[PDB]
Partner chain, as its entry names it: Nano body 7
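One chain comes next, on its own, written as structure tokens: the form deposited without its partner chain.
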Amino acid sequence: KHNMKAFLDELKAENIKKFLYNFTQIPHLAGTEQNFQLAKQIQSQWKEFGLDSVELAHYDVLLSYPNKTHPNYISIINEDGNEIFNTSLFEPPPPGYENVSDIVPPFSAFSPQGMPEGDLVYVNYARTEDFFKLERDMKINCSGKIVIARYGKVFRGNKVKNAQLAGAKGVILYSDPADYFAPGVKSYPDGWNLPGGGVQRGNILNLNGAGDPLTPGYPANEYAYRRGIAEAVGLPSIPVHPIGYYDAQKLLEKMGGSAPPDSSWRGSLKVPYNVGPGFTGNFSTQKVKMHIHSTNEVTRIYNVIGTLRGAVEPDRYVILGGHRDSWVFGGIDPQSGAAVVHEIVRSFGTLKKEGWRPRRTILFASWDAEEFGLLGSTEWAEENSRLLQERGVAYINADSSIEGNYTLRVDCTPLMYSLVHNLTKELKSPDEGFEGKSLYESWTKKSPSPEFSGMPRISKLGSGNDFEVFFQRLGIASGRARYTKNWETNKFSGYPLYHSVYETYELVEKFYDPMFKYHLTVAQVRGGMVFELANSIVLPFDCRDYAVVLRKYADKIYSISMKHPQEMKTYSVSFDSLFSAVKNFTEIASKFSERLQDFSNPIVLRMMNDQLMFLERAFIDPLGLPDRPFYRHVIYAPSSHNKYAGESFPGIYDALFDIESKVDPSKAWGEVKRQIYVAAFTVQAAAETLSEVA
């Protein structure tokens, strides 16, 4: 038989291992010749595996690279101008790789050039609330200063935006062991911990969904008109560089001024963690100086697009996508994910050679330049927007398969909650102590839902990965899944060797998943979801699950507003219309489910599958959110304070944020009310797409 169980049984742990090894021997940086060569390999093997067509789609986008003969580094300089201390030029390469070329040294992609000189201020994680504490409560002014911040808690792009608006003239980012160094485990190569010479690469853009900085709205094709650099989207205006904790100890050990305001400002190093500004008396005339010479340039990138045509609904698309570009070797991020995609293509191809086809079309993607701002996914979606919005059923992401070995992590649209629950009940747990039990049972036990007994935790989608254009711009139902670490004990700053040279095949095989059983479990979840979405006669979305979280989100935003009872009376601020819309959605969705359970008629079937497909689409507002035109979904956007986190009713949340500080309360509460109107209308319009059509 050709059913889901045939599909699932053909996947093998041993194939995923082989592919991960094949993908991680050399660096595959976006825009380099070796990442083009890997794209041509993937295209050739996806055709051999059986897909009906496989093509490269290329784009010419803005990337960023260091200057090979003019290295980036930081100094302490004395009164006379001698550089008495210099940060490293490279990470000590790991055992066996000490002769590999083309390892890009640590840098912050898209930093402007400069050589600023001045006094240090320590700003903790550089969050919005950390700058409020500095300027409002401690009275410390960052204008004209170089800020040093530890990585962790929020996207590094938001840290840089926050430092810029406080008037900083440069930023220094470092990894503190309190966040990235765990209890009793050794540094690479003896364990999975971060060494004092290790450094986290990463871009520092604020794109808010735009894609290529030079071509917002349109694909970066051969005849594209480009903005000049000064009008480009999302570039930072001050120099930025990342360092390891050996180098950071040298820069912090001399800091004077105010004490840390409390113990949540202290890391793990043997230093006071004083806030500054400047150094203590003996070294009060010393200074910090940055040297940054990176350049921005328009470089070609390549997506691989494979197609497996549907037998019945060839004009309905189910997409499995993940990126292929890496900062260095990509042992976890992304090749642990791309190796799983490779095995999933191979199994669907096995079925196809025996004569099977799915009901709906499945599209497979190897994205480029994800690490430089989701550029490959976003340019392809800009090019194909009209097809994706009238034909796109769902998008399943496939970056890193593991960031731990404790239990499953799922973030998705409410429309897939029921699909995920049913599929994980039919899968075996790979966890020790759950031999012979379901993945549902082990996940539910190790990661309980906050709200409901006997259910597992499923989070909201945030951003910082390739689903952003499909979900928050186009309104296609999306999901992602991987193995992760324990929720208690989790500091939410990532795995220690994230975006480092130490992130290798050996990291994975020795310390994360020696048997490749977690990789295999994640391949069954991602591939099982794609199989049901593309083969089930009725789309596997449950509209009632949207109705439950919308009531939760409305209670939450109402409670934020109720902290200001006098202003709600003065300006006549009512949430009545939002709760009314949510009630109507609950009722109409309940009636829709009853009709979906009663009906031999394919037209009623296409009609009702189309109501299910366009329900996510219904939450899109073509005018976008305020000042963020490419974030169009009214229920979900990336937090304005942290691109990695999801925010619910983001229009209303942002109109309410820090409202008590605004100068014209009347105008600020007018905008709250406008955002309440937009959200009520949009929820009611979404509900009406599920009424009888005529």
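Numbering follows the first chain given and starts at 1.
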| item | value |
| --- | --- |
| Deposited but uncoordinated residues in the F599/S600 interval | 1 to 3 |
| Higher-scoring stretch by recorded Cα B factor average, 321-329 or 184-192 | 184-192 |
| 450-458 set against 568-576, stretch whose average Cα temperature factor tops the other in the entry | 450-458 |
| Selection from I84, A109, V530, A581 [criterion: highest C-alpha temperature factor in the record] | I84 |
| Maximum C-alpha temperature factor, selected from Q472, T350, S366, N203 | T350 |
| Third of the chain, ranked by Cα B-factor, where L690 sits | lowest |
| Chain-wide C-alpha B factor ranking for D399, given as lowest, middle or highest third | lowest |
| B-factor third for the C-alpha atom of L62 within its chain | lowest |
| Assigned third (lowest, middle, highest) for the C-alpha B factor of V663 | highest |
| For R316, the third of its chain into which the C-alpha B factor falls | lowest |
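In what follows, reference is made to the form solved in complex with its partner chain, a form of this protein that is not presented.
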property	result
Segment assignment from 547-555, 141-149, 171-179, 121-129: heavy atom within 4.5 Å of its partner chain in the bound PDB entry	547-555
Close approach of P261 to its partner chain in the bound PDB entry, 4.5 Å, heavy atom	no
Contact test in the bound PDB entry: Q566 vs its partner chain, heavy atoms, 4.5 Å	yes
is_contact(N99, its partner chain) in the bound PDB entry, heavy atom dist at most 4.5 Å	no
Contact test in the bound PDB entry: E660 vs its partner chain, heavy atoms, 4.5 Å	yes
In the bound PDB entry, the residue from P450, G355, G454, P183 that sits within 4.5 Å of its partner chain by heavy atoms	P450
Heavy atom within 4.5 Å of its partner chain in the bound PDB entry - residue from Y505, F511, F579, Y440	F579
